[PDB]
Amino acid sequence: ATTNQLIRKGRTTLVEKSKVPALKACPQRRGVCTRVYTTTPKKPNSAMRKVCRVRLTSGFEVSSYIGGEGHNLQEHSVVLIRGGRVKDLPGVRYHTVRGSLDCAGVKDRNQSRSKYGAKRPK
Amino acid sequence: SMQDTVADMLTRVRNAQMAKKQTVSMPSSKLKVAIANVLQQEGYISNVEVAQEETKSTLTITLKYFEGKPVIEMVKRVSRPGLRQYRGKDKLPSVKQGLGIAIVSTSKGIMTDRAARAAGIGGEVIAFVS
RNA sequence: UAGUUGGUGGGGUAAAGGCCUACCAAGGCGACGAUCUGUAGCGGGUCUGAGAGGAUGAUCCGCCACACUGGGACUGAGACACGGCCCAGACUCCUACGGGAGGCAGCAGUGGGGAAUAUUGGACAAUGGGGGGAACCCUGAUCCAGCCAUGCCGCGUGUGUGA
RNA sequence: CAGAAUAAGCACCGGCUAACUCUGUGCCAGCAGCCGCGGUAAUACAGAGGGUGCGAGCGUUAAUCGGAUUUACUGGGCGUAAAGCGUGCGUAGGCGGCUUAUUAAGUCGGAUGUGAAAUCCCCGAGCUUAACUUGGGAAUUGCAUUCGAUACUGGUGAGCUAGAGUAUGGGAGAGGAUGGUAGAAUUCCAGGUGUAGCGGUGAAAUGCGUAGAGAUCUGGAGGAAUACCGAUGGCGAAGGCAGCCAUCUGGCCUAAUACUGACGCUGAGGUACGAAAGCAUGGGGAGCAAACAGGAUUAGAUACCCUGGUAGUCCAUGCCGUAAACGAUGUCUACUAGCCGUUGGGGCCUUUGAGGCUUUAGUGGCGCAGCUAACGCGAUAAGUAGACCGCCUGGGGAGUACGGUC
RNA sequence: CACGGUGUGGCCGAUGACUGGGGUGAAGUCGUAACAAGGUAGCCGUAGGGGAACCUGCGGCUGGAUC
Ligand SMILES: NCCC[C@H](N)CC(=O)NCCC[C@H](N)CC(=O)NCCC[C@H](N)CC(=O)N[C@@H]1[C@H](O)[C@@H](OC(N)=O)[C@@H](CO)O[C@H]1NC1=N[C@@H]2C(=O)NC[C@@H](O)[C@H]2N1
């Protein structure tokens with residue numbers, strides 16, 4: 001581009017889009033579990049993944065992953081969701097915080113307890 | 001069309017040096033003569049001649065070679081008709097840490113960047129030579 | 001774009017001025033973006049970056065604007081006035097149905113919203129502000145205290161020996 | 001004053017990235033920022049042992065800049081990776097040959113005023129240290145006024161001819177428009193000779209023929225296209241243009257004088273032209289041939305093959321505005337080894353007529369330097385530089401939807 | 001002159017029986033269009049036809065093999 005072309009038309013910059021639009025620039029969001037179900041991963045993975053469909057205070061209806069082994073969630077539970085992708089479950093872009101509102105902490109764990117929200121055993 | 005005769009002169013010099021010519025000739029003008037005189041004083045070229053046969057005038061430059069390489073390794077137009085460059089006395093460019101010369105047109109004549117710094121004036125940066 | 005652009009006579013203001021009005025003329029703005037439309041308080045500054053740039057405008061300081069929503073004026077040196085007046089609108093409260101009352105975006109606090117942000121505290125001793133001749137009175141400005149690992153900085157949770 | 005007495009957790013150990021083994025489970029349970037782990041010996045899942053990094057904190061999520069030269073002013077690209085408009089002309093704008101005088105707008109220098117305080121930085125001071133507070137500086141890269149300089153750019157006056165253009169002689173060409181005309185061939189029609197096949201395919205069949213085909217000879221009708229020449233030839237801005245003749249008409253090449261004196265280059269919007277197919281109205285219709293019909297092939301055949309055949313292909317007057325509209329390479333200018341062809345001209349030399357040197361404008365093959373990721377380009381650059389315009393920013397969704405113009 | 005009312009138009013959003021195409025997943029069905037001369041060279045524009053990739057006509061390109 002010549003100097004005259006730069007003066008007539010500048011350099012355009014392309015705005016970026018957030019990977020977690022349902023959070024609406026908040027670190028976490030409250031929601032109500034519309035569904036609690038199980039999905040299968042894409043290839044080359046094979047498992048039985050635990051997912052929930054949650055209606056957020058932002059107005060969106062999204063899907064969140066439940067981490068750890070064993071969860072007490074059912075429909076109409078009130079949960080807190082944060083960002084985070086699974087990358088083997090299509091369309092799942094958020095995680096559920098274990099041990100926050102209705103989600104319980106994972107039991108029988110003693111390593112990495114702050115994630116999964118397990119209190120320190122005596 | 002031809003719109004930058006200074007750039008034409010610099011390009012002729014660069015191509016002649018790359019082709020190992022001994023002499024390079026072009027149509028003449030007082031600005032090119034001044035630039036050639038500055039180059040000769042700085043030692044990049046050997047001799048400058050002007051032949052005035054008629055209304056036309058021809059400028060001739062004798063080139064220098066040293067240990068199988070041309071003396072002028074880089075000559076670059078800086079200010080151009082499409083973008084003119086002016087610098088103050090505190091922002092005059094330095095060409096490879098002073099081992100080169102930046103030709104500057106100032107209100108006191110055409111001189112090198114260090115001469116302009118010594119005189120405490122700025123001007124238009126014509127070319128970088130090294 | 002038709003008080004629209006300019007001019008004259010007059011009005012009006014603390015003061016220049018289409019600020020207003022009666023005539024006269026056809027002017028004025030626009031690709032150097034007018035008109036319309038979306039978003040937005042601005043700056044000193046803050047973060048990042050080698051720099052050029054990019055992002056941002058809490059806490060401190062300057063300027064502007066607003067005070068339940070709109071339209072006005074009064075008093076006064078100064079307001080079109082957060083805790084003043086008049087009018088209109090929505091909402092809320094007391095009533096003995098005769099009649100009345102109100103505006104926390106001041107400090108504290110309540111409900112709600114939210115992932116999330118504190119006490120219905122003390123004193124005018126200090127610095128200021130208002131009144132008074134003074135004594136002195138007022139001051140949720142301010143100076144302090146309470147709560148929170150929210151951040152920065154500092155310290156401790158012991159030292160030596162002991163095969 | 002009494003007494004170690006009241007006081008230690010969090011993340012991680014496959015690579016990026018410092019820190020490794022054992023049990024449990026067997027593509028399950030689960031982990032995961034990216035690449036990826038788990039299907040019986042899992043350093044990657046869960047526990048334990050050990051270790052690593054931090055420490056009153058440790059991790060996760062969200063957000064900004066960076067790394068990102070990933071919008072490139074500093075500081076990128078467009079032959080084949082994304083990217084040159086199909087091609088011209090031209091408006092605004094950008095840029096613009098040489099000499100000279102003048103001006104001081106751009107440009108440069110000095111002085112003065114201002115650029116609040118706080119903040120950042122430096123030297124100190126006070127906090128038991130540090131955070132923090134604070135004195136003084138430096139900085140605030142800016143703005144304004146005024147005084148100077150005149151190399152370059154701009155303005156003004158004068159001058160010049162190397163760019164650009166004009167007149168006069170000569171030359172080549174399928175350049176364009178209109179009309180006429182010639183020869184070969186296909187098809188149809190009539191007639192003469194003459195008798196069983198013709199045509200078609202890998203092989204066949206549909207089809208034609210004893211009211212006589214095919215073959216052969218003579219004569220008519222009509223349409224479309226121009227063998228040989230013919231060429232890596234020519235002309236045109238591009239799209240494109242081929243028998244011959246006349247009329248109207250554009251550009252180009254070439255020589256020497258004379259003339260004007262920068263009159264130039266590019267070009268957002270705009271506008272003109274623009275293969276084939278297609279559309280409208282009226283004509284024409286030999287051959288060919290989308291659609292369609294029949295015969296074959298095939299598992300099926302909707303196709304490739306065969307026999308027919310309508311629109312169309314042709315003319316007149318208009319529209320449409322798209323192509324792998326390609327050199328996948330925008331226009332203009334200057335410079336940078338050589339060798340061998342060819343087209344249209346100019347000059348010189350031999351010596352009788354045909355050759356040899358040059359020079360210029362096109363068109364080709366190699367190739368030094370240089371450039372490129374490579375392939376390759378290489379005076380017809382994709383090399384070295386300048387002026388202006390167009391365009392690109394991962395692959396799909398998508399040259400799509402909505403709106404608008406035609 | 002604020003607020004208000006009437007008539008008629010413009011713009012923004014939400015919603016709507018039914019309907020069209022797109023993407024992702026999984027390999028169930030029908031074929032084999034492209035990549036070798038891919039078994040009819042491929043592709044571009046345009047027009048017609050067809051269950052579907054696609055086929056055919058006209059013009060164009062080499063980003064086509066072998067002679
Ligand atoms: N100043 C304005 C002047 C305008 C004028 N245009 C002059 C000009 O500017 N020319 C520039 C030269 C660029 C040239 N077009 C590029 C090129 O040549 N190939 C494109 C690059 C592809 C690849 N990287 C090379 C390649 O595959 N090569 C083949 C190859 O050698 C050979 O093929 C086989 N199978 O062996 C040959 C036989 O066919 O074909 C060549 N291919 C071709 N030969 C043709 C040709 O030269 N042209 C037209 C077109 O047909 C060309 N393709």
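The sequence lines fix the lettering, A, B, ..., with proteins before strands; numbering per chain opens at 1.
Across all strands shown, A/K87 has heavy atoms under 4.0 Å from base atoms, whether or not it also approaches the sugar-phosphate. Within the 4.0 angstrom heavy-atom criterion, only backbone atoms of the sugar-phosphate kind lie near A/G67; the bases stay farther away. Residue A/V86 is classed as a base contact, given a heavy-atom separation below 4.0 Å to a base. Heavy atoms of B/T5 sit under 4.0 angstrom from primed sugar atoms or phosphate atoms, though from no base atom. Contacts of A/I7 with the nucleic acid, taken as non-hydrogen atoms under 4.0 Å apart, are absent. Contacts of B/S57 with the nucleic acid, taken as non-hydrogen atoms under 4.0 Å apart, include base atoms. Among the protein residues, A/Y65 comes within range of the sugar-phosphate backbone only, with heavy atoms under 4.0 Å from sugar or phosphate atoms but none that close to a base. Across all strands shown, B/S79 has no heavy atoms under 4.0 Å from either base or sugar-phosphate atoms. At a threshold of 4.0 angstrom between heavy atoms, the contacts of A/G68 are confined to the sugar-phosphate backbone, with no base atom among them. Nucleic acid contact class of A/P90 (heavy atoms, under 4.0 Å, all strands): none. Nucleic acid contact class of A/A1 (heavy atoms, under 4.0 Å, all strands): base. Here A/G70 lies in heavy-atom contact (under 4.0 Å) with sugar-phosphate atoms only. Residue B/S29 is in sugar-phosphate contact alone, with no base atom involved, counting any heavy-atom pair closer than 4.0 Å across all strands shown.
When the rule of centres under 5.5 Å and planes under 30° is applied to the neighbouring bases of D/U128 and D/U129, their six-membered rings do not qualify as stacked. In this strand, E/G59 sits stacked on its neighbour E/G60; the base ring centres are under 5.5 angstrom apart and the planes under 30 degrees. Stacking of the bases of C/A16 and C/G17 is indicated, with six-membered ring centres separated by less than 5.5 Å and ring planes inclined by less than 30°. For the consecutive pair D/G209/D/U210, the pyrimidine-type rings do not sit with centres less than 5.5 Å apart and planes less than 30° apart, so they do not qualify as a stack. For the pair D/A398 and D/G399, the rule of 5.5 Å between ring centres and 30° between base planes classifies them as not stacked.
The base of D/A385 is not paired with the side chain of B/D4 by any donor and acceptor separated by under 3.5 Å.
Here A/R120 reaches the OP1 or OP2 of D/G9: one of its side-chain N or O atoms lies under 4.0 Å away. Proximity of A/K115 to the phosphate of D/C12: a side-chain N or O atom is located under 4.0 Å from OP1 or OP2. The phosphate of D/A387 (OP1 or OP2) has a side-chain N or O of B/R80 nearer than 4.0 angstrom. At the phosphate of D/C389, OP1 or OP2 sits under 4.0 Å from a side-chain N or O atom of A/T2. Phosphate contact (OP1/OP2 of D/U393, side-chain N/O of A/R11, threshold under 4.0 Å): absent. For D/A162, one of the phosphate oxygens OP1 or OP2 lies less than 4.0 angstrom from a side-chain nitrogen or oxygen of B/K56. A sub-4.0 Å separation between OP1 or OP2 of D/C10 and a side-chain N or O of A/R113 is present. Using a 4.0 Å cut-off, no side-chain N or O of A/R8 falls inside it from OP1 or OP2 of D/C388. In this structure, A/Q5 reaches the D/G390 phosphate: one of its side-chain N or O atoms is under 4.0 Å from OP1 or OP2. At least one side-chain nitrogen or oxygen of A/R109 sits closer than 4.0 Å to the OP1 or OP2 atom of D/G47.
Heavy-atom distances under 4.0 Å link RNA chain C to A/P27, A/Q28, A/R29, A/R30, A/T57 of residues 27-61 of chain A, given in residue order.
A gap of 29 Å separates the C1' atoms of D/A29 and D/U17, to the nearest Å. Here the separation of D/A381 from D/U342, taken at their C1' atoms, is 22 Å to the nearest Å. D/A268 and D/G390 have their P atoms separated by 7 Å, with the value rounded to a whole Å. Comparing the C1' positions of D/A382 and D/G79 gives a spacing of 7 Å, expressed to the nearest Å. Between C/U127 and C/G114, the two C1' atoms lie 40 Å apart (nearest whole Å). D/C402 and D/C375 are spaced 46 Å apart, taking the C1' atom of each and rounding to whole Å. As rounded to the nearest Å, D/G367 and D/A258 have P atoms that lie 49 Å from one another. Annotation: D/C319 and D/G234 have their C1' atoms spaced 35 Å apart (nearest Å).
With a 4.5 Å cut-off on side-chain heavy atoms, B/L39 and B/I103 count as touching. Side chains of B/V129 and B/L10 form no contact here, defined as non-hydrogen atoms less than 4.5 Å apart.
The separation between B/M18 atom CE and D/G370 atom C1' is 5 Å, rounded to whole Å. To the nearest angstrom, P of D/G386 lies 16 Å from CE of B/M26. In this structure, the CD atom of A/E69 is 13 Å from the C1' atom of D/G38, given to the nearest Å. D/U107 atom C1' lies 15 Å from atom CE of B/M111, rounded to whole Å. Distance, B/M2 CE to D/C98 P: 10 Å, rounded to whole Å. The distance between atom CG of B/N15 and atom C1' of D/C371, rounded to the nearest whole Å, is 14 Å. Summarising the geometry, the separation between CG on A/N4 and P on D/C391 is reported as 14 Å, rounded to the nearest angstrom. The separation between A/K19 atom NZ and D/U64 atom P is 11 Å, rounded to whole Å.
Annotation: the span from B/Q40 atom CD to B/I61 atom CD1 amounts to 9.5 Å, rounded to 0.5 Å. Here CD1 of B/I35 is found 5.0 Å from CD1 of B/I126. Values are rounded to the nearest 0.5 Å.
Applying the 90° cutoff around 0 to the glycosidic angle, D/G220 is assigned anti. Anti is the conformation of D/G179, whose glycosidic angle sits further than 90° from 0. D/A224: glycosidic angle beyond 90° from 0, hence anti. Look at D/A268: its glycosidic torsion is beyond 90° from 0, and that puts it in the anti range.
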*Produce a footprint string for nucleotides 140-155 of chain D: one letter per nucleotide, 5' end first; B if the base is under 4.0 Å from any protein heavy atom, S if only the sugar-phosphate is, - if neither.*
---------BSBBS--

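No side-chain N or O of B/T58 forms a donor-acceptor pair with one of B/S25 less than 3.5 Å apart. No hydrogens or angles considered: nothing links the side chains of A/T57 and A/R30 as a donor-acceptor pair under 3.5 Å.
With both hydrogen-bonding distances under 3.5 Å required, D/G261 and D/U61 do not qualify as a Watson-Crick or G-U wobble pair. Applying the 3.5 Å cutoff to both bonds, C/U69 and C/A88 register as a Watson-Crick or G-U wobble pair.
Residue A/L23 is the one, among B/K89 and A/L23, whose nearest nucleotide of RNA chain D lies closer to the 5' end (criterion: closest heavy atom).
Remark: side-chain polar atoms of A/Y65 are not paired, donor with acceptor, to backbone N or O of A/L89 under 3.5 angstrom.
North is the pucker assigned to the sugar of D/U257, its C1'-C2'-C3'-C4' torsion being positive.
With a 5.0 Å cut-off on side-chain heavy atoms, B/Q3 falls on the minor-groove face of the base pairs.
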